[PDB]
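Raw target-v1.csv, CSV, N, CA, C and O atoms:
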```csv
chain,number,residue,atom,x,y,z
L,337,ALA,N,147.3,56.0,98.7
L,337,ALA,CA,146.0,56.5,98.3
L,337,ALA,C,144.9,56.0,99.3
L,337,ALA,O,144.8,54.8,99.4
L,338,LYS,N,144.2,56.9,99.9
L,338,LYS,CA,143.1,56.6,100.8
L,338,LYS,C,141.7,56.8,100.2
L,338,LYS,O,141.5,57.8,99.5
L,339,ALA,N,140.8,56.0,100.5
L,339,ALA,CA,139.4,56.1,100.0
L,339,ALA,C,138.3,55.7,101.0
L,339,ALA,O,138.3,54.6,101.6
L,340,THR,N,137.4,56.6,101.2
L,340,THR,CA,136.2,56.5,102.1
L,340,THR,C,134.9,56.6,101.5
L,340,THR,O,134.7,57.2,100.4
L,341,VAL,N,133.9,56.0,102.1
L,341,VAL,CA,132.5,56.0,101.7
L,341,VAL,C,131.6,56.3,103.0
L,341,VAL,O,131.7,55.5,103.9
L,342,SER,N,130.8,57.4,103.0
L,342,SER,CA,130.0,57.8,104.1
L,342,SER,C,128.5,57.7,103.9
L,342,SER,O,128.0,58.0,102.8
L,343,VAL,N,127.8,57.2,104.9
L,343,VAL,CA,126.3,57.2,104.8
L,343,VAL,C,125.7,57.8,106.1
L,343,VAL,O,125.9,57.3,107.2
L,344,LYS,N,125.0,58.9,105.9
L,344,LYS,CA,124.4,59.8,106.9
L,344,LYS,C,122.9,59.7,106.8
L,344,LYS,O,122.4,59.8,105.7
L,345,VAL,N,122.2,59.6,107.9
L,345,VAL,CA,120.8,59.6,108.0
L,345,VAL,C,120.3,60.7,109.0
L,345,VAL,O,120.7,60.6,110.2
L,346,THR,N,119.6,61.7,108.6
L,346,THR,CA,119.0,62.7,109.4
L,346,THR,C,117.5,62.7,109.5
L,346,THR,O,116.9,62.3,108.5
L,347,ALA,N,117.0,63.0,110.7
L,347,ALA,CA,115.5,63.1,110.8
L,347,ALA,C,115.2,64.3,111.7
L,347,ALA,O,115.7,64.4,112.8
L,348,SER,N,114.4,65.3,111.2
L,348,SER,CA,114.0,66.5,111.9
L,348,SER,C,112.5,66.6,112.2
L,348,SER,O,111.7,66.1,111.5
L,349,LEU,N,112.2,67.4,113.2
L,349,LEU,CA,110.8,67.6,113.6
L,349,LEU,C,110.8,69.0,114.3
L,349,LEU,O,111.3,69.2,115.4
L,350,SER,N,110.1,70.0,113.6
L,350,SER,CA,110.0,71.3,114.2
L,350,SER,C,108.5,71.7,114.4
L,350,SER,O,107.6,71.0,113.9
L,351,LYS,N,108.3,72.7,115.2
L,351,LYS,CA,106.9,73.3,115.3
L,351,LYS,C,107.0,74.8,115.5
L,351,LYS,O,107.6,75.3,116.5
L,352,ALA,N,106.3,75.5,114.6
L,352,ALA,CA,106.3,77.0,114.7
L,352,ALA,C,104.9,77.5,115.1
L,352,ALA,O,103.9,76.9,114.8
L,353,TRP,N,104.9,78.6,115.9
L,353,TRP,CA,103.6,79.2,116.3
L,353,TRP,C,103.7,80.6,115.9
L,353,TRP,O,104.6,81.4,116.4
L,354,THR,N,102.8,81.0,115.0
L,354,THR,CA,102.7,82.4,114.6
L,354,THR,C,101.4,83.1,115.1
L,354,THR,O,100.4,82.5,115.0
L,355,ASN,N,101.5,84.3,115.6
L,355,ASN,CA,100.3,85.1,115.7
L,355,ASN,C,100.5,86.5,115.3
L,355,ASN,O,101.6,87.1,115.5
L,356,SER,N,99.5,87.1,114.7
L,356,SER,CA,99.6,88.4,114.1
L,356,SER,C,98.3,89.2,114.3
L,356,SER,O,97.2,88.7,114.5
L,357,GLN,N,98.4,90.5,114.1
L,357,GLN,CA,97.3,91.4,114.1
L,357,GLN,C,97.5,92.6,113.2
L,357,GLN,O,98.6,93.1,113.2
L,358,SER,N,96.4,92.9,112.5
L,358,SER,CA,96.6,94.1,111.6
L,358,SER,C,95.4,94.9,111.8
L,358,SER,O,94.3,94.5,112.3
L,359,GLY,N,95.5,96.2,111.3
L,359,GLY,CA,94.4,97.1,111.3
L,359,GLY,C,94.4,97.8,110.0
L,359,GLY,O,95.5,98.2,109.4
L,360,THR,N,93.3,98.0,109.4
L,360,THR,CA,93.2,98.8,108.2
L,360,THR,C,92.1,99.9,108.2
L,360,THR,O,91.1,99.7,108.7
L,361,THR,N,92.4,101.0,107.6
L,361,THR,CA,91.4,102.1,107.4
L,361,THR,C,91.2,102.3,105.9
L,361,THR,O,92.1,102.1,105.1
L,362,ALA,N,89.9,102.6,105.5
L,362,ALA,CA,89.6,102.8,104.1
L,362,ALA,C,88.6,103.9,103.9
L,362,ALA,O,87.5,103.7,104.3
L,363,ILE,N,89.1,105.0,103.3
L,363,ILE,CA,88.2,106.1,103.1
L,363,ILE,C,87.7,106.1,101.6
L,363,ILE,O,88.6,105.9,100.7
L,364,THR,N,86.4,106.2,101.4
L,364,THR,CA,86.0,106.3,100.0
L,364,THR,C,85.3,107.6,99.7
L,364,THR,O,84.5,108.1,100.5
L,365,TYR,N,85.6,108.2,98.5
L,365,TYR,CA,85.0,109.4,98.0
L,365,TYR,C,84.3,109.2,96.7
L,365,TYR,O,84.8,108.5,95.9
L,366,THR,N,83.1,109.8,96.5
L,366,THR,CA,82.4,109.8,95.2
L,366,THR,C,82.2,111.2,94.6
L,366,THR,O,81.9,112.1,95.4
L,367,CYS,N,82.2,111.3,93.3
L,367,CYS,CA,81.9,112.6,92.7
L,367,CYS,C,80.4,112.6,92.4
L,367,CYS,O,79.9,111.9,91.6
L,368,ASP,N,79.7,113.5,93.1
L,368,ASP,CA,78.3,113.6,93.0
L,368,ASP,C,77.7,114.9,92.4
L,368,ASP,O,76.7,114.9,91.7
L,369,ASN,N,78.5,115.9,92.5
L,369,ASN,CA,78.0,117.2,92.0
L,369,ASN,C,79.2,118.1,91.6
L,369,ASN,O,80.2,118.0,92.2
L,370,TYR,N,78.9,119.1,90.7
L,370,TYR,CA,79.9,120.1,90.5
L,370,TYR,C,79.8,121.3,91.5
L,370,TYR,O,78.8,121.3,92.2
L,371,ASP,N,80.7,122.2,91.5
L,371,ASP,CA,80.6,123.4,92.4
L,371,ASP,C,79.3,124.2,92.1
L,371,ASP,O,78.7,124.8,93.1
L,372,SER,N,78.8,124.1,90.9
L,372,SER,CA,77.5,124.7,90.5
L,372,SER,C,76.3,124.0,91.1
L,372,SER,O,75.2,124.5,91.0
L,373,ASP,N,76.5,122.9,91.7
L,373,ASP,CA,75.5,122.1,92.4
L,373,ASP,C,74.6,121.2,91.4
L,373,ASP,O,73.7,120.6,91.9
L,374,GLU,N,75.0,121.1,90.2
L,374,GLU,CA,74.3,120.2,89.3
L,374,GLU,C,74.9,118.8,89.5
L,374,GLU,O,76.0,118.7,90.1
L,375,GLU,N,74.2,117.8,89.1
L,375,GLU,CA,74.6,116.4,89.3
L,375,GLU,C,75.9,116.1,88.4
L,375,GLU,O,75.9,116.6,87.3
L,376,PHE,N,76.8,115.4,89.0
L,376,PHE,CA,78.0,115.0,88.2
L,376,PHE,C,77.7,113.8,87.4
L,376,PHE,O,77.3,112.7,87.9
L,377,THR,N,77.9,113.9,86.1
L,377,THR,CA,77.6,112.8,85.1
L,377,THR,C,78.9,112.6,84.3
L,377,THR,O,78.9,111.7,83.4
L,378,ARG,N,79.9,113.4,84.5
L,378,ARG,CA,81.2,113.2,83.9
L,378,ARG,C,82.1,114.2,84.4
L,378,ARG,O,81.7,115.2,85.1
L,379,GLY,N,83.4,114.1,84.2
L,379,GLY,CA,84.5,114.9,84.6
L,379,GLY,C,85.6,114.2,85.3
L,379,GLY,O,85.8,113.0,85.1
L,380,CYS,N,86.2,114.9,86.2
L,380,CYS,CA,87.5,114.5,86.8
L,380,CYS,C,87.5,114.6,88.3
L,380,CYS,O,86.9,115.6,88.8
L,381,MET,N,88.2,113.8,88.9
L,381,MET,CA,88.3,113.8,90.4
L,381,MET,C,89.7,114.4,90.7
L,381,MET,O,90.7,113.9,90.1
L,382,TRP,N,89.8,115.3,91.7
L,382,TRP,CA,91.0,116.0,92.0
L,382,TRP,C,91.4,115.8,93.5
L,382,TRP,O,90.5,115.7,94.3
L,383,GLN,N,92.7,115.8,93.8
L,383,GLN,CA,93.2,115.6,95.1
L,383,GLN,C,94.1,116.8,95.4
L,383,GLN,O,95.1,117.1,94.7
L,384,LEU,N,93.9,117.4,96.6
L,384,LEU,CA,94.8,118.6,97.0
L,384,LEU,C,96.2,118.2,97.1
L,384,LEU,O,96.5,117.1,97.7
X,289,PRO,N,82.9,124.4,123.8
X,289,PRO,CA,83.5,123.4,123.0
X,289,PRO,C,84.7,122.8,123.7
X,289,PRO,O,85.7,123.5,123.8
X,290,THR,N,84.7,121.5,124.1
X,290,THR,CA,85.8,120.9,124.8
X,290,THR,C,86.6,120.0,123.9
X,290,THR,O,87.8,120.1,123.8
X,291,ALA,N,85.9,119.1,123.2
X,291,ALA,CA,86.5,118.0,122.5
X,291,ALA,C,87.4,118.4,121.3
X,291,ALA,O,87.2,119.5,120.7
X,292,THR,N,88.4,117.7,121.0
X,292,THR,CA,89.2,117.9,119.7
X,292,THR,C,89.0,116.7,118.8
X,292,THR,O,88.9,115.6,119.2
X,293,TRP,N,88.8,117.1,117.5
X,293,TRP,CA,88.6,116.1,116.4
X,293,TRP,C,89.6,116.1,115.4
X,293,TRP,O,90.2,117.1,115.0
X,294,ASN,N,90.0,114.9,114.9
X,294,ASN,CA,90.9,114.7,113.8
X,294,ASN,C,90.1,114.6,112.5
X,294,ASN,O,89.1,113.9,112.4
X,295,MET,N,90.5,115.3,111.5
X,295,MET,CA,89.9,115.2,110.2
X,295,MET,C,90.3,113.9,109.5
X,295,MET,O,91.5,113.7,109.4
X,296,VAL,N,89.4,113.1,108.9
X,296,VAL,CA,89.8,111.9,108.2
X,296,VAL,C,89.7,112.0,106.7
X,296,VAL,O,90.4,111.3,106.0
X,297,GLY,N,88.8,112.9,106.2
X,297,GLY,CA,88.7,113.1,104.8
X,297,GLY,C,87.7,114.2,104.5
X,297,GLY,O,86.7,114.4,105.2
X,298,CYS,N,88.0,114.9,103.4
X,298,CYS,CA,87.0,116.0,102.9
X,298,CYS,C,86.7,115.8,101.5
X,298,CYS,O,87.6,115.5,100.7
X,299,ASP,N,85.4,115.9,101.2
X,299,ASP,CA,85.0,115.9,99.8
X,299,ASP,C,84.1,117.1,99.6
X,299,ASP,O,83.1,117.3,100.2
X,300,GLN,N,84.6,117.9,98.7
X,300,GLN,CA,84.0,119.2,98.3
X,300,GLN,C,82.8,119.0,97.5
X,300,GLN,O,81.9,119.8,97.4
X,301,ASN,N,82.7,117.8,96.8
X,301,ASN,CA,81.7,117.5,95.8
X,301,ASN,C,80.9,116.2,95.9
X,301,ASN,O,80.4,115.8,94.9
X,302,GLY,N,80.8,115.7,97.1
X,302,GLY,CA,80.1,114.5,97.4
X,302,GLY,C,80.3,113.8,98.7
X,302,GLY,O,80.8,114.3,99.6
X,303,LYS,N,79.9,112.5,98.7
X,303,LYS,CA,79.9,111.7,99.9
X,303,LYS,C,81.3,111.4,100.4
X,303,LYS,O,82.3,111.4,99.7
X,304,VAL,N,81.4,111.1,101.7
X,304,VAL,CA,82.6,110.6,102.3
X,304,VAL,C,82.2,109.5,103.3
X,304,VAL,O,81.3,109.7,104.1
X,305,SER,N,82.8,108.3,103.2
X,305,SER,CA,82.5,107.3,104.2
X,305,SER,C,83.8,106.5,104.5
X,305,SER,O,84.8,106.6,103.7
X,306,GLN,N,83.9,105.9,105.7
X,306,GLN,CA,85.0,105.1,106.0
X,306,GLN,C,84.7,103.7,106.5
X,306,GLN,O,83.6,103.4,107.0
X,307,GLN,N,85.7,102.8,106.4
X,307,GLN,CA,85.6,101.5,106.9
X,307,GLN,C,86.8,101.3,107.7
X,307,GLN,O,87.9,101.5,107.2
X,308,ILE,N,86.7,100.9,109.0
X,308,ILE,CA,87.8,100.5,109.9
X,308,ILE,C,87.8,99.0,110.2
X,308,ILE,O,86.7,98.5,110.7
X,309,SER,N,88.9,98.4,110.0
X,309,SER,CA,89.0,96.9,110.2
X,309,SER,C,90.1,96.5,111.1
X,309,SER,O,91.2,97.1,111.1
X,310,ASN,N,89.9,95.5,111.9
X,310,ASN,CA,90.9,94.8,112.7
X,310,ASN,C,90.9,93.3,112.5
X,310,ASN,O,89.9,92.7,112.6
X,311,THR,N,92.1,92.7,112.2
X,311,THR,CA,92.2,91.3,112.1
X,311,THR,C,93.2,90.7,113.1
X,311,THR,O,94.2,91.3,113.4
X,312,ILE,N,92.8,89.6,113.7
X,312,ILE,CA,93.7,88.9,114.6
X,312,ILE,C,93.8,87.4,114.1
X,312,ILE,O,92.8,86.9,113.8
X,313,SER,N,95.0,86.9,113.9
X,313,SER,CA,95.1,85.5,113.4
X,313,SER,C,96.2,84.7,114.2
X,313,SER,O,97.2,85.2,114.6
X,314,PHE,N,96.0,83.4,114.3
X,314,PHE,CA,96.9,82.4,114.9
X,314,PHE,C,97.1,81.4,113.9
X,314,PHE,O,96.2,80.8,113.3
X,315,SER,N,98.4,81.0,113.7
X,315,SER,CA,98.7,79.9,112.8
X,315,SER,C,99.8,79.0,113.5
X,315,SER,O,100.6,79.5,114.3
X,316,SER,N,99.8,77.7,113.0
X,316,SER,CA,100.9,76.8,113.4
X,316,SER,C,101.3,75.8,112.4
X,316,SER,O,100.3,75.2,111.7
X,317,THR,N,102.5,75.5,112.2
X,317,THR,CA,103.0,74.6,111.2
X,317,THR,C,103.8,73.5,111.9
X,317,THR,O,104.6,73.8,112.8
X,318,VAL,N,103.7,72.3,111.4
X,318,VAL,CA,104.5,71.1,111.9
X,318,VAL,C,105.2,70.5,110.7
X,318,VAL,O,104.5,70.1,109.7
X,319,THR,N,106.5,70.5,110.7
X,319,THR,CA,107.3,69.9,109.6
X,319,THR,C,108.1,68.7,110.0
X,319,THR,O,108.8,68.7,111.0
X,320,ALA,N,108.0,67.6,109.2
X,320,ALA,CA,108.7,66.4,109.4
X,320,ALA,C,109.5,66.2,108.1
X,320,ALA,O,108.9,66.1,107.0
X,321,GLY,N,110.8,66.0,108.2
X,321,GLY,CA,111.7,65.8,107.1
X,321,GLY,C,112.7,64.6,107.3
X,321,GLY,O,112.9,64.2,108.4
X,322,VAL,N,113.2,64.1,106.1
X,322,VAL,CA,114.1,63.0,106.1
X,322,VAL,C,115.1,63.2,105.0
X,322,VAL,O,114.7,63.5,103.8
X,323,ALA,N,116.4,62.9,105.2
X,323,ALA,CA,117.4,63.1,104.2
X,323,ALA,C,118.4,61.9,104.1
X,323,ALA,O,118.8,61.4,105.2
X,324,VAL,N,118.8,61.6,102.9
X,324,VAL,CA,119.9,60.6,102.7
X,324,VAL,C,121.1,61.2,101.9
X,324,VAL,O,120.9,61.7,100.8
X,325,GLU,N,122.2,61.2,102.5
X,325,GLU,CA,123.5,61.7,101.9
X,325,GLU,C,124.4,60.5,101.6
X,325,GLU,O,124.8,59.8,102.5
X,326,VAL,N,124.8,60.3,100.3
X,326,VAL,CA,125.7,59.3,100.0
X,326,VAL,C,127.0,59.9,99.3
X,326,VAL,O,127.0,60.0,98.1
X,327,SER,N,128.0,60.2,100.1
X,327,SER,CA,129.2,60.8,99.6
X,327,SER,C,130.4,59.8,99.4
X,327,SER,O,130.3,58.7,99.9
X,328,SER,N,131.4,60.2,98.7
X,328,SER,CA,132.7,59.4,98.6
X,328,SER,C,133.8,60.4,98.3
X,328,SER,O,133.6,61.5,97.7
X,329,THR,N,135.0,60.0,98.6
X,329,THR,CA,136.2,60.8,98.2
X,329,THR,C,137.4,60.0,97.8
X,329,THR,O,137.7,58.9,98.4
X,330,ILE,N,138.2,60.5,96.9
X,330,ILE,CA,139.4,59.8,96.4
X,330,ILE,C,140.6,60.8,96.6
X,330,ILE,O,140.6,61.9,96.1
X,331,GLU,N,141.5,60.5,97.5
X,331,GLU,CA,142.6,61.3,97.9
X,331,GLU,C,144.0,60.6,97.8
X,331,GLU,O,144.2,59.6,98.5
X,332,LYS,N,144.9,61.1,97.0
X,332,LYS,CA,146.2,60.6,96.9
X,332,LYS,C,147.4,61.6,97.1
X,332,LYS,O,147.3,62.7,96.6
X,333,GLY,N,148.5,61.4,97.8
X,333,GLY,CA,148.7,61.6,99.2
X,333,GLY,C,150.1,61.2,99.7
X,333,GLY,O,150.2,60.9,100.9
X,334,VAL,N,151.2,61.1,98.9
X,334,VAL,CA,152.5,60.8,99.4
X,334,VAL,C,153.6,61.7,98.9
X,334,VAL,O,153.6,62.2,97.8
X,335,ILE,N,154.6,62.0,99.8
X,335,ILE,CA,155.6,63.1,99.6
X,335,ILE,C,155.0,64.2,98.8
X,335,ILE,O,155.4,64.4,97.6
X,336,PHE,N,154.2,65.1,99.3
X,336,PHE,CA,154.4,66.2,100.2
X,336,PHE,C,153.1,67.1,100.0
X,336,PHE,O,152.6,67.7,100.9
```
In structure tokens, what does this structure look like?
Amino acid sequence: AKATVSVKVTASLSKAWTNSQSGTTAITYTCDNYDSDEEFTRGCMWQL
Amino acid sequence: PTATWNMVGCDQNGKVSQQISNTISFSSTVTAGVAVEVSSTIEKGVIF
């Protein structure tokens, strides 16, 4: 019968460099009037 | 008329506006680590 005991010591050092770029577009729509040309004070917004 | 235009949004009933954004970023990480492993094994082991 054989028997062993192991002791290991590790030490690490890394360095990461990240660079990134993004672009975003944002369109905003508001409900201001009905087709009749009166001011919008309630109702629904629709998308084609 | 020479130029050609792309449509970005239509609103039949009010305002349209846009915002265009660009981001550039640089990042870096430094990691330092240390590990201790203490293993052992029992193996028995005669005829066959």
Practice task
Pick out the chain L residues within 4.5 Å of chain X. Count all atoms listed in the file. Give them as number ranges by chain.
Solution key: L: 337-369
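Going from atom C of residue 292 of chain X to atom O of residue 382 of chain L covers 24.6 Å.
For the atom pair formed by atom N of residue 384 of chain L and atom O of residue 290 of chain X, the distance is 28.0 Å, given to one decimal.
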Problem - Computed interatomic separation between atom N of residue 383 of chain L and atom C of residue 371 of chain L (Å) - result: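 Taking atom N of residue 383 of chain L as the start and atom C of residue 371 of chain L as the end point, the length is 15.9 Å.
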Practice task
DSSP on the backbone, then: every residue of chain L marked strand (DSSP E), written as a PyMOL selection string.
Solution key: chain L and resi 338-365
